[PDB]
Structure formats: C-alpha cells, structure tokens
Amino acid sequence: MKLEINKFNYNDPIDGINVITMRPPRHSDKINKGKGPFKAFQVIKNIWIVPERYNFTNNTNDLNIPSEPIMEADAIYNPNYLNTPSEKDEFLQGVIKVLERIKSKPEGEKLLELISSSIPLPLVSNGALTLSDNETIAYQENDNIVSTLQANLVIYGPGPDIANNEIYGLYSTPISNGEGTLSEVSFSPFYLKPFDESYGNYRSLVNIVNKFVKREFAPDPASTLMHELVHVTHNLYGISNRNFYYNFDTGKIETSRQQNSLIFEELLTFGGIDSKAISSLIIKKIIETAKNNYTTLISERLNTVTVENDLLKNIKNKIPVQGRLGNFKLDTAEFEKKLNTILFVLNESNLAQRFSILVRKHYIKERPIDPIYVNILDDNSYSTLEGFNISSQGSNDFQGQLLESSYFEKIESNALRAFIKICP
C-alpha cells in the first residue's frame, strides 16, 4: 500500500482508531503524576502527533523562565505557548505539512516507511512476541484504559525553550542493546534558530569588493524534523549510545566529553564534512557491537518464539534473518548493508542535499542567533514541494532561507529570554 499521511483538524472527534486521548508513556514517573491524558492523532501508521508542550522529563518539567542561569543564549521561554485550541490546531497542521514535505521525495518517503514499520523487538510471553509499553501508547477514557495501540514515535510540541528540538527514548537498555525503544520527539515547526553560512547572492553595499561572506539563514523545519527522524531510526534499531564522544583532536571515541568533542550520535546524525574522516577502527567497532547485540537477541529471544503471529512477520521484515522457526540466524551481509545505511547514509546533511535545503557546515554552531517566528502554513512562504526555496518566486538555490526574507519575523525577548511578542 502506498504510504498514507492522515490529515486532521484538532477538533476531529475521538474514534479510537486515529484520534484518541493518550496516557503519557512516562505516566509512571513521579514528576508526571496527574498529567493527561492528551488528544493524539495517528498521522502515519505507528506515528502519533500530540499538540502539547513536552514536559515529561526532569529537564522539561518546568516550562517557566528557569530559576538557574542554565538557560542557553538563544532560548525563548513562554509557558503559555500551545495552551489554546487555535495554537494546537496550528501546530498539528504544521507537523502534518512538514511530514507531507518529507514524503514528497523518495528518500523522505522511505525514511517515513522505515520508522512506521521498524517496531522495537517485543518481549516473548508463552512462546509469542507480545507488546509492552515500549511499543505502544494507551488510549485512556476517564480513569480506564480502553486499549493500547502500536506507536514507534510520538511527536510533541517544544519543551521549555519553544525554539528547541529534542528526542527522548523511552527505555535506556533497549535503546542501545539492539531491541529498540519508542521515541518521543519535541518539535517546533514555527520557532526556528538561524545559522551562519557563506553566501554571495544578497543585497550588498556598492563599496564592498568581495560580497562572499557569512550570512544568516533559517533552517527548513523539514530538515530539523528529518534530523530527529534519523535519531528515531537509531532508537528503533537499538543502536543509539549517547555515552560516546568523538574527539576531533585525536580522532578517537571516548566515554567522557573532552575539550574539542561531540557526542558521536550527533556527529553521525548530522553528517556532512565532519563524518567523512571517521577511522575504520571506529566503524568496525560500531558494526561488531551491533552485530553481537543482534546475534544475542536472535539466539536468546527470537529462537524462543513458537507462535507465528503478525509481530513475527513484522520483525522478519525489520531484521534480516535466515533459517526457520526456532533456528533463525542473522543474515550477516543484509544486516551489515541495512545497518551501514541507517548509520552512514541516513543523516541530515545527505537528506538536505536531496531536498535542495541549505544546512550549516558543522553540527556545533560558532555563535547563538536569536530565534525567529515563521508561519509555514502560508504556501506563499513555504510549500510542501520546495520549502522556502520556491523557484516560481526566484527563491531557488537556498535564497528563500536567507533570514532577511519577509516571512521570517523577529521575536522581541527580555534579558531573561522571556517571549514578549512577534514583530509582523
């Protein structure tokens, strides 16, 4: 069946199929007592949109201006953002439009198909693969669980910083042992953080001899979400380990941050020039670790399955295996090929090239730039087929991402980074 993106209005009635009231996956943590349930929409099979602020972890529990100086220089705080039905519907339309943009090119459609079908490896109960809260969300009505529905990804609005984007895996052992875990993404399609890039096609003073200089650009929020979707793929395949750092001075992996380092998960997910010189030693160690984790799961868990059900069919489509029930073995050549695609081909820089989207040269930015607001629901500013770089308006070749473009609106903030207003 061709991949379907479900459209919705925030006021669509509950149906128990694609529209539910969802109990938070992290409902058991004491910081989440009494939160929810929240209206949720199944935009793609096993992919849910929840138009609510992300505040289900220790670092996101308080949406107010922080009580410590921990705040980041380009953060914008507003505890009231996304508390009205109109802002929730705008958020829902924005996430749906960004997903339609991602599905508009074959590389984006295949990424969405991969997240939709790549369920975490379930536990075995009475010889059958059986679902847990690591692979599902609960439809709660009053104080009763009506049903559990499969979920590989739940997309929420932003945490405390309304211009920040983050990903959280639900269970820390499955995220790195080859099983995989449900992911929650906090995403902001309307509040963007600009970046610097050298460019020469902009209005310049006549006395400037060389106009090729660093200029400010806004990111395409589809590139921002695709970045998080690559992290999601790593989380679903259980190959994410955030404890490793890449040291740019030595070219070595380390288990702690050093002077000139970057979390290795971010180095791979962003890609670009910084991932082109990774040593064969690092690449072989990553592949051998994943292969050993998968060999162990096939031997200790998949070979204990005695019940052929739809979940087993789904897992055989996710994990390349050979053999028959009770005697499966990893298909090494096909496993290596899929793993290298998910780790080294799938990244924000490679996907941005396919969509003609400008991204920065390095994951780490040299300086903070104040966030802007942009109404991406306006087709005159942002289209699903071309994003901000609309050819019929002469904005091809990344010019529509130039920050002086009229649709990027300034946000006035106070010294504490508190949101004051959008300047139209």
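Heads up: residue numbers just count along the shown sequence, starting at 1.
Next item on the list: Identify the stretch, either 77-85 or 173-181, whose C-alpha atoms have the larger mean B-factor according to the entry.
Entry: Per the PDB record, 77-85.
Check: So 230-238 or 289-297, which one's hotter by mean CA B-factor in the entry?
Finding: Per the deposited B-factors, the answer is 289-297.
Next item on the list: Choose from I70, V50, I47, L358 the residue with the greatest Cα B-factor as stated in the PDB record.
Entry: If I rank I70, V50, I47, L358 by C-alpha B-factor, first place goes to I70.
Margin query: Using only the C-alpha B-factors in the record, can you name which of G323, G271, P120, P219 has the highest?
Written below: Max CA B-factor in the entry, restricted to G323, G271, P120, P219: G323.
Check: Split the chain's modelled residues into thirds by Cα B-factor; is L99 in the lowest, middle or highest one?
Finding: Its C-alpha B-factor belongs to the lowest third of this chain's values.
Item checked: For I20, the third of its chain into which the C-alpha B factor falls -> For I20, the deposited C-alpha B-factor lands in the lowest third.
Notebook entry, point to check: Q258: which third of its chain by C-alpha temperature factor?
Noted result: Tercile = highest for this residue's CA B-factor.
Checklist line | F398 - which third its CA temperature factor falls in, relative to the rest of the chain | finding: Ranked within chain, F398 CA B lands in the highest tercile.
Next item on the list: Ordered by C-alpha B-factor within the chain, which third holds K39? Give me lowest, middle or highest, please.
Entry: Lowest third, going by the recorded CA B-factors of the chain.
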